[PDB]
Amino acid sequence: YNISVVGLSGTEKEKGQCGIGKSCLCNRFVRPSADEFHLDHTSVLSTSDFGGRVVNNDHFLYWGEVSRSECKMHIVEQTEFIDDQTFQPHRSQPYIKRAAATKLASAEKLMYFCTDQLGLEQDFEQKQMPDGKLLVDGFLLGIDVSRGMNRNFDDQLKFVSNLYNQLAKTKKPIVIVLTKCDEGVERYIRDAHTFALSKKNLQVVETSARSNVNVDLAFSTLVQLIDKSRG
């Protein structure tokens, strides 16, 4: 099962200086131990970092393989990395099209652990993404329902709707995932539920990576929809 985690991404200004929680969700699913869960996963990278084997000149990360409870899940996060001097996106398609990619070729791409790893990967375990290539089986569509540093929520939901349209054209299974529900805003959660109820069989899993609630449920729910359609 190849799972792509997608959501609002871009420049600091487009994220209101607060990402929506993709990285912490992936980190908690793949490595839920306190020692391996990191709350801080910056997307502002030096050219050396971006060209390292973890990022591999891509705007996505390979978070690794999960083999828990027998189903194998391969996890990736689609994001956007900005330059640590110019603060513009690294020149690697627009995010909404990039994130909806279902064929992800990055030869010799290494699994991501933390930003400390970047440009220093000999210092960490070096596990390669399988075959240098992943055919995406399904998408988790993250929606931050936290007030999260005075975010323009309606612009988030507009972005989510356009991203959803691109994903839906693929006919791949999508599960909507509400993030940071430990700080959830009822108006935002309700708006997200109304949006998802406007779509066909769009499931919503309410998660908090920080408090570790319903993360596994989110991924297993997607895996179940994946085999719904595979059958």
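The numbering used is simple: start at 1 and walk along the sequence shown.
- Unmodelled residues of the deposited sequence between neighbouring positions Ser92 and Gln93 number 1 to 3.
- In this entry, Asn201 and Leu202 are joined directly, with no residue of the deposited sequence lacking coordinates between them.
- Of the two segments, 10-18 and 218-226, the one listed with the higher mean B-factor is 218-226 (C-alpha atoms only).
- Two stretches are in play, 47-55 and 25-33, and the higher mean C-alpha B-factor belongs to 47-55.
- Between the residues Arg151, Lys158, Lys103, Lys97, it is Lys103 that shows the highest Cα B-factor in the PDB record.
- Out of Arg68, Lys180, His38, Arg187, the entry records its largest CA B-factor for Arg68.
- Ranked within its chain, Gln85 lands in the highest third, by CA B factor from the PDB record.
- Sorting the modelled residues of the chain by their CA temperature factor places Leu140 in the lowest third.
- Among the modelled residues of its chain, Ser146 has a C-alpha B-factor that falls in the lowest third, as given in the PDB entry.
- Sorting the modelled residues of the chain by their CA temperature factor places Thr79 in the middle third.
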